[PDB]
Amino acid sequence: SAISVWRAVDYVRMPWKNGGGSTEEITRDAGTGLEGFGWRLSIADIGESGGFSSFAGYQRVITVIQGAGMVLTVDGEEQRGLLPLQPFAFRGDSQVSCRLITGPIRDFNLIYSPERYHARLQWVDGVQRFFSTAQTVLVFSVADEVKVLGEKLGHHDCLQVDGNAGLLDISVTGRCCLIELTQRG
């Protein structure tokens, strides 16, 4: 089991082509096929209301992490309110748009290919402990200090365990999102 830590102060802001905001890539699988990535973690800055790009064949789970929330319109809609730290799953082929009813928003974005990855996502707080055989475990901090696997994650830092091949026993303290990804087949 290899531990890597992604520090948010090292993230690179990539403005969107449409000027509606920007993306900070955190990490992703190798995923270099014409098929593309198997999974990707990023933080999206959403600066103005607008539509979301499509990602046919991918599952998305997004979570507001900065800002008071925003409203989403998914396909044929009831409008969905996204509050801070409330994750929201939707298919990547859905037509989705957001309205920034309180100002600009930052989302924590998980996207993965159901064909290629098993996936688990859970926001947690306090002291947590889990056992997992998942190949990749990610811990994304939204606190000043999330302690996990001997590391201290600051704000939007992300710890990544890779190449797990046994049962990991992981304790976490603090407000963070736990993601577990395992290659299928």
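Just count from 1 along the sequence shown to find any residue number.
For the pair 9-17 and 170-178, the record assigns the higher mean C-alpha temperature factor to 9-17. Here 139-147 and 30-38 are compared by their mean Cα B-factor, and 30-38 comes out higher.
For the set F55, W123, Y117, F130, the PDB entry assigns the largest Cα B-factor to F55. Within the selection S49, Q160, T63, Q59, the deposited Cα B-factor values reach their highest point at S49.
Among the modelled residues of its chain, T102 has a C-alpha B-factor that falls in the highest third, as given in the PDB entry. Among the modelled residues of its chain, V96 has a C-alpha B-factor that falls in the highest third, as given in the PDB entry.
Annotation for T73: C-alpha temperature factor in the highest third relative to the rest of the modelled chain, per the entry. Residue-level temperature factors show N109 in the lowest third of its chain, judged at the C-alpha atom.
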